[PDB]
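Undergrad: Residue numbers (the authors' numbering), protein chains in the order written: chain U, 127 to 251; chain M, 9 to 251; chain J, 9 to 251; chain A, 9 to 251; chain j, 1 to 19; chain m, 1 to 19; chain a, 1 to 19. Where a beta carbon is used, it is the ideal one built from N, C-alpha and C, also for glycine. Quick one: this structure, given as structure tokens, is what I'll be asking you about.
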Amino acid sequence: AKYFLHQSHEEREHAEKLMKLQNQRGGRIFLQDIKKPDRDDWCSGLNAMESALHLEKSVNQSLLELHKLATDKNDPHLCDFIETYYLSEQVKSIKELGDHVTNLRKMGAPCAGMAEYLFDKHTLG
Amino acid sequence: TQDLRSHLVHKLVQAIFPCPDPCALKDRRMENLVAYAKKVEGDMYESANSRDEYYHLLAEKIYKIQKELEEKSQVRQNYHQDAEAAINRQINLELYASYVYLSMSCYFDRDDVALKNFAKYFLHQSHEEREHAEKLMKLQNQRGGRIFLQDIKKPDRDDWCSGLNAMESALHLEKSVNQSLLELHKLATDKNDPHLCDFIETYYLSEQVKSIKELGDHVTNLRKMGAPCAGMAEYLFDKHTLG
Amino acid sequence: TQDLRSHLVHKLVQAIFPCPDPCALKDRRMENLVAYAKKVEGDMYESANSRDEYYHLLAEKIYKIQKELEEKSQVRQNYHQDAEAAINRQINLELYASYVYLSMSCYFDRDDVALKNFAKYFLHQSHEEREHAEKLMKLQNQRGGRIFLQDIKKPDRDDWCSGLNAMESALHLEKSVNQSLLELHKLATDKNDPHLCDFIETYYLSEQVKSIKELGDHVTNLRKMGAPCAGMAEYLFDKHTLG
Amino acid sequence: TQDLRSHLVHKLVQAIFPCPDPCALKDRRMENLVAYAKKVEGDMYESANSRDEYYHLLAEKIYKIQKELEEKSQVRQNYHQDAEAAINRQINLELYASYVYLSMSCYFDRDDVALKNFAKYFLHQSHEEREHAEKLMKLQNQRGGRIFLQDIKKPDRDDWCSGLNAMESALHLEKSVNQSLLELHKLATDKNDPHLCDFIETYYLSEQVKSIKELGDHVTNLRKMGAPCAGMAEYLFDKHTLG
Amino acid sequence: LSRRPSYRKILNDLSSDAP
Amino acid sequence: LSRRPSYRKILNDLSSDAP
Amino acid sequence: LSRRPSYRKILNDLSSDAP
């Protein structure tokens, strides 16, 4: 829970930084409705880690599409800032989630509650 | 027309060859070089029509002679002359911006303005632009490109009206600098130069965007408070924001 | 030709399948796999012409078998095999540069040279190149690309003459590394890879440019002072610059 | 066969004589040397039978020419060529061990392994082996022996299975290094070299024994807990021992 | 085929090992 | 020719100096 | 002769380079 809260705080700070960067450039921001997660019950831990990894991959794909659109529409500053101060954190998060998934698959989760407890008390502990 | 011809014949001996060396070499080489220069300029003068075409042909001959004696740097790797011209234009624009900021700093610290915080902010901006220009010159020297420093233009508006007009002029200057940086990045991308364009878009565009945003905020404050429609707004912005 | 055939038949059982597991699975699977390998190699040997074509067909069969058993990483997102080959070539070049710098450091700390500061500088450069290579390997492992470490080539010049020739060789090596980095950036840009090329041009090209500039300054100093035309210049550059 | 002959005729001018000096001497000496080399290679080609015997005779001639131009060090005292060959083989083995440890460190820090402590331990071991190799090179340079750095071999097993197989391979490598050190000590004792063998048995064998004991303890722990029969044992050994 | 560097690697290895 | 900026520089200098 | 390792080194190099 603490790790997920820290990740949520990091994503919130990144979103606020993106909003501030858009406001500095002069672009308008039209905040719409926020969609809810399609899976209210995240099964256990392995499914939650896989969903987080898929979400990070989708965010990375969206960032790549944004960089490509900024390069095609003559926008070096925005694409450079995105690929410098955002893609590194995304790659680090993807690598950490992959390591967590590998650990949960090798130890035995959710096939046994011992692996989840040990990963809670050792890695994120 | 004697002084003009004397200057033209005295500048070519320096434009063609730099400086000799008495102790290392001899002295007859510079004499032979200046003799050949006199001979070729006399041959060009005897075979000329008017005045402008002779000067153009002399300039072309000087350029063609300088085409060989270049001595390229050993650290030069993947760099085109268009990138060098773009860097020179950017350096000239940075020097012009520093001169404009110095003029603004020296215009507000007078007695008829009485704005010390504005003068300090303009002096800090001029120092930042000077440091950026020096960093650009150092980066160009590290890559091996030549730097040809020319004359620095003066601001077209010696009297900057008040404060709002000065802020608008500074914002327009920052927008022009940003456009020049974008053109430099595009030219470096089209001419295969990722390092220079990346360094420009990383360690320069951020400061330019921040300065543009700050100038826009200052203009918005001056327009909402009431400047130069009332001297109270300028004094309050001096004693609060830049104070 | 018995030892060659034995090595060829003992390397394919490892190139096709990695390592089995007795406690987790059983043991008949590896036996069936090696039996199928023996059967297919016998079928290829019975239907062959000479010697080179049989080896080529065996290598192609091994490649085709490895085409399925790949197990791609879940963290791999937008990455082409050309980028992987370019990263492998860059890693090989970094290892070669580290080996050359280690040889230079071990060549100057002898008794016939007596240059401890040059050896320390070369050792520091070798450590920096080693750290850069390790960082590149870690970045490739984070993206999910495979790393196939091969043999490290030796310097073609075991005797680095003196100091000026060593500095020129180091400058040429740095220029080659910069050219390889530019080619990698171009390949990543053409194959849709902004993150890798941006990281390369940000956290690697600056150090390369600084090293090239430092080596150029060292070469200029050695040429102006008098090296290796006089041992005084080398001693003074050792006791002043790198001292 | 033109490129091969060109390479063979361009490598002999560097293998026979190192590097000339224009400013110190003249230039006709290198010309006379390369002319004599061309003459002798032409005489050997005109008096040859096949291809391999000519290359062998050329290599023997190069060796015989290098027998005179050796310039022994003034610090060399009581040192045989067998000891030099043994030190070179030990340096090659140390470089191979460092490469294997680097490959192990870069194999465990991936996403399909997720063992950061194992990668850190392997990187520390690689750094220790690199420092030991550098110390051996420095000790050889202090004694006056020549160092001929050759190619570094790659690990025969690119995929290190899991953790137990990697530990067993590291233990076998440490045992091979210990056997090589024992052979070096025996050769130094038989060839009258107490200083080198004493330094090897004092400042190297202790670390080797400690590493062998640590690897044996790690293998025993992996066999008792259950690796690679279960991923829980590897995770616990990562988070407890190397954690 | 020749899309991966291991093609050229194994080719050079087999050319160096086998005469 | 006009491939380098010193072309235009010397041209403008000669146009400003000479009438 | 074969008293120095550079003998075997050059021999192996010439055997690997020349067919």
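1) In three-state DSSP terms, what is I160/J?
2) When burial is assigned at 16 or more other CB atoms within 10 Å of the CB, is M240/M buried or exposed?
3) Would you mind reading off the limits of the alpha helix (DSSP H) that contains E191/J?
4) Using beta carbons (cut-off 8 Å, strictly below), is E191/A in contact with chain U?
5) Quick one: list the residues of chain M neighbouring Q150/U, beta-carbon separation under 7 Å, in chain order.
6) Using the Cβ count rule (16 or more neighbours within 10 Å means buried), how would you classify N40/A?
7) Assign residue 2/A to one of three DSSP states: helix, strand, or coil.
8) Once DSSP output is grouped into helix, strand and coil, what is the label at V83/A?
9) Within the continuous alpha helix (DSSP H) that includes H88/M, where are the two ends?
10) Starting from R3/m, follow the alpha helix (DSSP H) in both directions and report where the run begins and ends.
11) Closest Cβ-Cβ distance between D164/M and chain J: below 8 Å?
12) Using only alpha-carbon positions, find the residue among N125/M, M145/M, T197/M that is nearest to residue 3/M.
13) What number of angstroms, rounded off, separates the C-alpha of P236/U from the C-alpha of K183/J?
14) Any beta carbon from chain j within less than 8 Å of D159/J's own beta carbon?
15) Any idea if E215/A is buried or exposed, counting beta-carbon neighbours within 10 angstroms, 16 or more meaning buried?
16) I'd like the span of the alpha helix (DSSP H) that includes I155/A, first residue to last.
17) CA-CA distance, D117/J and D166/J?
18) Quick check on the burial criterion: 16 or more other C-beta atoms within 10 angstroms. Buried or exposed for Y211/U?
19) At a CB-CB cut-off below 8 Å, which residues of chain U make contact with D198/J?
20) If we ignore side chains and look at the alpha-carbon of each, how far apart do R13/A and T197/J end up?
21) Around the Cβ of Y115/J, are there at least 16 other Cβ atoms within 10 angstroms (buried) or fewer (exposed)?
22) How should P30/J be labelled, buried or exposed, when 16 other C-beta atoms within 10 angstroms of its C-beta is the threshold for buried?
23) Hey, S106/M and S134/M: beta-carbon distance below 8 Å or not?
24) Let me know the secondary structure DSSP gives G239/M once reduced to three states.
25) Less than 8 Å between CB atoms is the rule here; does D225/U satisfy it with respect to chain A?
26) Against chain m, which members of the region 77 to 110 of chain M pass a CB distance test of less than 7 Å?
27) Buried or exposed: which applies to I155/M, given that a residue is buried once 16 or more other Cβ atoms fall within 10 Å of its Cβ?
28) Looking at the C-beta of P202/A, does it have a partner C-beta in chain J at a distance below 8 Å?
29) Just to confirm before moving on: does the CB-CB distance between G171/U and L131/U stay below 8 Å?
30) Using the three-state DSSP reduction, which class does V121/J fall into: helix, strand or coil?
31) Express the C-alpha separation of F245/A and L110/A in angstroms, rounding to a whole number.
32) What did DSSP end up calling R37/A once you bin it into helix, strand or coil?
33) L190/U and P202/J: beta carbons closer than 8 Å?
34) Name the chain M residues that come within less than 7 Å of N186/J, Cβ to Cβ?
35) Mind listing the chain M neighbours of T210/U? Cutoff is C-beta to C-beta under 8 Å, in chain order.
36) Under a Cβ-count criterion, where at least 16 other Cβ atoms within 10 Å of its own Cβ denotes burial, should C27/M be classed as buried or exposed?
TA: Looking at the coordinates:
1) strand
2) exposed
3) 172 to 198
4) When Cβ-Cβ separations below 8 Å define contact, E191/A makes no contact with chain U.
5) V217, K221
6) exposed
7) Nothing about residue 2/A can be reported from this structure: the residues present for chain A run from 9 to 251 only.
8) coil
9) In the DSSP assignment, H88/M falls outside any alpha helix (DSSP H) and carries neither an H nor an E.
10) Taken as a continuous stretch (DSSP letters only), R3/m belongs to no alpha helix (DSSP H), as it is neither H nor E.
11) Answer no: the Cβ-Cβ gap between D164/M and chain J never drops below 8 Å.
12) Residue numbering for chain M in the displayed model covers 9 to 251; residue 3/M lies beyond these limits and cannot be assessed.
13) 53 Å
14) no
15) exposed
16) No alpha helix (DSSP H) holds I155/A; DSSP gives it neither H nor E.
17) Those two C-alpha atoms are separated by around 15 Å.
18) exposed
19) Under the 8 Å cutoff, chain U gives no residues; its nearest Cβ is about 12 Å from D198/J.
20) 41 Å
21) By the neighbour-count criterion, in which 16 or more other beta carbons inside 10 Å mark a residue as buried, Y115/J falls on the buried side.
22) So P30/J ends up on the exposed side.
23) yes
24) helix
25) yes
26) Going along the region 77 to 110 of chain M in chain order, one finds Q89, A93, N96 with a Cβ nearer than 7 Å to chain m.
27) Exposed, by the Cβ-count rule.
28) No, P202/A does not count as interfacial toward chain J.
29) no
30) coil
31) 20 Å
32) helix
33) Contact flag set, yes.
34) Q85
35) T210
36) Exposed is the call here.
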